[PDB]
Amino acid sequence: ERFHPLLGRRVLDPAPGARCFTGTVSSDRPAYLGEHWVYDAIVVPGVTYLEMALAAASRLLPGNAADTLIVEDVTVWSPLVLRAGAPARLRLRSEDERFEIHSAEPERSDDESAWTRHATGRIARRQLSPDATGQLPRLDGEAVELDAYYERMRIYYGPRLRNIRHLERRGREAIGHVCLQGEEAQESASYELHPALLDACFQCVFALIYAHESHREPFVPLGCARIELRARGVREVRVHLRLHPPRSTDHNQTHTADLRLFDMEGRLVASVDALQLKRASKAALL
């Protein structure tokens, strides 16, 4: 059995059609979980659940290694607040093509009534047509000032989650270069798509958005229409992203974006269709 740092192990579930995983996480392990905050609280980023779902597709659905892993119609909510160092159980349950992800205290607080739901969606996998190299589009534009972006975002992200090396924009489109180093690089093959790398791609979208509106009350992923993953355990990509035209010119409650991640030879690694972003209120978090 192939274990996973977030999914954990297969566990029996009383529901007969169901297949289930459970694992323990804490802000110390995976270590990236201790470096993301909203309103000064440690909060598990939604890319965590996207990786759990990809990892489930890999393990539950039959196929060749070259098959594309697909997460569809995925909604995230109810931010999981971690107390530093205190373990939390994460559980992914799958029935037919659907999954749900819940968390609970280890000791529990009512057995099954003690689980809080964080994510739902569908998983799939398909043998898609071969991916050629050299497919990253050209974009000559203006370099985004990333030092000033990182300085603003240090209230949400620690040094483990500053992985954008360069970001060039032309209107609402951009190309970013994202590279992991350190522990995240070393452990990237344990993941289908390391959450720190996917988060860095989503931060390229934030960097476009925050050039024109405030980074306070931050946009958080709410879900996406589709994720397709064509290669696993990558640690370095170039990402092409497109922000949809916003409703307002100065301050929005929501945004939508599409992303396409490429390896350094320009073969497509992943696609994210219609990522939905929504500003998070502090109310009720703490």
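Residue numbers run from 1 along the displayed sequence.
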TODO: Would you determine, from the values in the PDB entry, which of 191-199 and 69-77 has the greater average C-alpha temperature factor?
DONE: 69-77
TODO: Output the stretch having the higher mean C-alpha B factor in the entry; the candidates are 37-45 and 255-263.
DONE: 37-45
Open item on the list: Given 270, 25, 277, 11, identify the residue with the highest C-alpha B factor in the PDB entry.
Closed with: 11
Open item on the list: When the deposited Cα B-factors of this chain's modelled residues are ordered and cut into thirds, is residue 166 in the lowest, the middle or the highest one?
Closed with: lowest
TODO: Ordered by C-alpha B-factor within the chain, which third holds residue 140? Give me lowest, middle or highest, please.
DONE: highest
Task: Chain third (lowest, middle, highest) by recorded CA B-factor, residue given as residue 156 - done: lowest
- [ ] Comparing against every modelled residue in the chain, figure out the third that the C-alpha B-factor of residue 215 lands in (lowest, middle or highest).
- [x] lowest
Task: Relative C-alpha B-factor of residue 172, binned into the chain's lowest, middle or highest third - done: middle
